[PDB]
Amino acid sequence: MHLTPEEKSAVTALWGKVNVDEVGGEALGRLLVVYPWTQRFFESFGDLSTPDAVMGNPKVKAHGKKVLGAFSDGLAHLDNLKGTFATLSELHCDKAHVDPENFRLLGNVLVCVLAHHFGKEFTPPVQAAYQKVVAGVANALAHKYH
Amino acid sequence: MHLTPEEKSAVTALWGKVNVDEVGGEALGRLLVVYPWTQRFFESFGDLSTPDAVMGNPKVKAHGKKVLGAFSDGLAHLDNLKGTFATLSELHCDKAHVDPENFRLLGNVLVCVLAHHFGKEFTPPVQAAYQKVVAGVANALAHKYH
Amino acid sequence: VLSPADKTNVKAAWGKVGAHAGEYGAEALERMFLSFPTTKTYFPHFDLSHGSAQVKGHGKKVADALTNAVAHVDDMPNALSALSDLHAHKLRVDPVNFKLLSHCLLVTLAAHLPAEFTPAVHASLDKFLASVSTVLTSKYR
Amino acid sequence: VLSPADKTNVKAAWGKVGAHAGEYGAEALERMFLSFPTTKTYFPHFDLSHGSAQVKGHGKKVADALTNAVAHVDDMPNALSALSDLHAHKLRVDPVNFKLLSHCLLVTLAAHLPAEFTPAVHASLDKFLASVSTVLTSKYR
Ligand code: HEM
Ligand code: HEM
Ligand code: HEM
Ligand code: HEM
């Protein structure tokens, strides 16, 4: 996590405009749609057969909001992601058995979601800041795997 | 590193039995053969048209010894690979233009060469400790890229 | 493999790119240079400064090639043969970098086509770029 | 694309494995589990302890499939249809993991077939495991 002061202000300024509820549902739904293998964790979510069925699924929306919720908090402790994400890292490993590669896929989807939403405001340099952040978070979420 | 005293001792002890001269030439040569695209940096070496021409090429064998040497010395600063490879990291970026992915390809080749050489001795647990070192080395070397 | 729907999706999205392909190609490059600095090792000879004409120049060539693959979506291996040869034999770009550019291309399109960049289209465009990458890397060894 | 030389190299090497493929399958899994512990996420229902019959049994299964692949080296897509299906629609293992098992397999053969693990044979086996990986992940999306 080599976030220069200016990379950090940039992450923070944009994050101010985000509707985490909405972004969370979009990012998770889009993950399940672009990389359908990731659907392996949600067979209790019901119908994920088509894009509309995934995107509109009340369960996907609710889980996305949760995920992005934890992510936003992560954004207030950029200094200590590993600490911030420790119990969550354990849970994904030990209880949910989620391959950490899943965390990188979602980060990329999230980056595309932010670009989708902010248009021209998501400049090359802002993307570069967010690239470091999603990677920092995936790394923190994978730190307790064994 | 995140090596266990036991892991450190396993690494250290096997290395003591290594002929860097031979392992260095074989590791670099195998690289050029398995992943032919890595030859892009060694055109001045000559004829790398065949496994045979690669494996026999003295320039390859000699660069191979230079590489494993530096590697070998890094094994003595296993608790600060970053600082040991700082200048080498700059060189690779700024002078050689070597994509860090190459560091990972070699690392894996290195492990196959060790298994090749040590048979029985190169047990799952010993490979595990080596995998952490090669990853560690690759990361240190890529650390100063910008 | 690309399905009829995928093909439709791609021709549609790319259709909208129209005349901006060149510029979006340049932009995808800059995004890539900034986010994945390791990709820079392949362009030691370029001026990578912002608004670099070399980058502009290169962005257009990449865009033309993508545009050519869309025009020949049913015969990509043949449409891209020459480019597959160049990459395998001369440039020798490590395969992992294709994924990085692909990614930066998806970000660029998303940032420019909000209405078209639907989940369905996103999935189609991602499979397409993966297929182009596969073709370009097919003759590596 | 596997050259004829490759197909030759592969069949020879695998030929030497013989009655030991099962043990080599089990050993490759064990090495995978220790070196890349994230791979364990796919086997929560297994006893991943050393010498576990679940691991041993699975090792045989994998080894056998490889056998079958070498045998139909000319028609992999077809020889492994069912397996491609299973992985794409049931197991849904992330594609990155295939590279990890492939690597632990090389390491295992190298440690067991010294004379036979020449640079050219090493190159062929790698390409082979790569092709097998491509086949097994071809129906993912
Ligand atoms: C930025 C990355 C992520 C964060 C911050 C995050 C956060 C969370 C949180 C806060 C929970 C609920 C904790 C609890 O139940 O006590 C959770 C559960 C879970 N997460 Fe993650 N998550 C992330 C990524 C993912 C991804 C990418 C996947 C799968 C592809 C995933 C799979 C799961 C599953 C399967 C559960 C359990 C859901 C249930 O049945 O209640 N997570 N995650
Ligand atoms: C274990 C990882 C590696 C280590 C420790 C390492 C170390 C070295 C060292 C010590 C030098 C000597 C140059 C000098 O001091 O002037 C060197 C040069 C170089 N290395 Fe690396 N290297 C590694 C990996 C690689 C890989 C994988 C490649 C490409 C496939 C590569 C390409 C080069 C090139 C092209 C040179 C230039 C030597 C010259 O001046 O002709 N290195 N490396
Ligand atoms: C789908 C992805 C790609 C496409 C469509 C593409 C297409 C092209 C084209 C059309 C050219 C120009 C050849 C000519 O001179 O006519 C080119 C050149 C080149 N590409 Fe690729 N390429 C792709 C991926 C990559 C990647 C990922 C890299 C490295 C990060 C790369 C590195 C290069 C380099 C170094 C050149 C030579 C540029 C020069 O010296 O002018 N390419 N590519
Ligand atoms: C070289 C490529 C691979 C081959 C040939 C292969 C082959 C097989 C075979 C033959 C089976 C058993 C089918 C049956 O039970 O009838 C299987 C199942 C399975 N494979 Fe794959 N596999 C490969 C790669 C992987 C990888 C890399 C992973 C995960 C890291 C994996 C995860 C699984 C799992 C979890 C099962 C089911 C285990 C059980 O519940 O018994 N496979 N595979």
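In chain D, numbers come from Swiss-Prot; the residues present are 2-142, in order.
Heads up, header says this was done by X-ray crystallography, 2.1 Å.
Using the three backbone atoms N, Cα and C, a Cβ is placed for every residue, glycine included.
Quick look at what Swiss-Prot annotates:
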- D:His59: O2 binding site (BINDING)
- D:2-142: domain 'Globin' (DOMAIN)
- D:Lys8: glycation site (CARBOHYD)
- D:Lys17: glycation site (CARBOHYD)
- D:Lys41: glycation site (CARBOHYD)
- D:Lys62: glycation site (CARBOHYD)
- D:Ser4: phosphoserine (MOD_RES)
- D:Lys8: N6-succinyllysine (MOD_RES)
- D:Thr9: phosphothreonine (MOD_RES)
- D:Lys12: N6-succinyllysine (MOD_RES)
- D:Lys17: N6-acetyllysine (MOD_RES)
- D:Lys17: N6-succinyllysine (MOD_RES)
- D:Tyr25: phosphotyrosine (MOD_RES)
- D:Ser36: phosphoserine (MOD_RES)
- D:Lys41: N6-succinyllysine (MOD_RES)
- D:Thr109: phosphothreonine (MOD_RES)
- D:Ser132: phosphoserine (MOD_RES)
- D:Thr138: phosphothreonine (MOD_RES)
- D:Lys12: site 'Not glycated' (SITE)
- D:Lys57: site 'Not glycated' (SITE)
- D:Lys61: site 'Not glycated' (SITE)
- D:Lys91: site 'Not glycated' (SITE)
- D:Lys100: site 'Not glycated' (SITE)
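Here nothing among the recorded positions D:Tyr25, D:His59, D:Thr109, D:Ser132 falls inside 10 Å of the CA of D:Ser4 (phosphoserine). The closest partner of D:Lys12 (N6-succinyllysine) among the recorded positions, by CA position, is D:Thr109; the full candidate set was D:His59, D:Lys62, D:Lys100, D:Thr109. Taking the Cα atom of each, D:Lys100 (site 'Not glycated') and D:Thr138 (phosphothreonine) are about 12 angstrom apart. Listed modified residues: D:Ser4, D:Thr9, D:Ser132, D:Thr138. The one with the lowest count of other Cβ atoms within 10 Å of its Cβ is D:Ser4. Note: the domain 'Globin' (D:2-142) comprises 107 helix, 0 strand, 34 coil (DSSP; helix = H, G, I, strand = E, B). Comparing CA positions across the recorded positions D:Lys8, D:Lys17, D:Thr109, D:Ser132, D:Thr138, the one lying closest to D:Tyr25 (phosphotyrosine) turns out to be D:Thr109.
Residues from the set of recorded positions D:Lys41, D:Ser132, D:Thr138 situated with their C-beta under 8 Å of a chain B C-beta: none.
Cβ neighbour count for D:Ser36 (phosphoserine) (all protein chains, 10 Å cutoff from its Cβ): 22. Considering only the recorded positions D:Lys17, D:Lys41, D:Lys62, D:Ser132, D:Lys8 (glycation site) has D:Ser132 as its nearest partner by CA-CA distance.
Cα spacing between D:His59 (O2 binding site) and D:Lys41 (glycation site): 13 Å, rounded to the nearest whole number.
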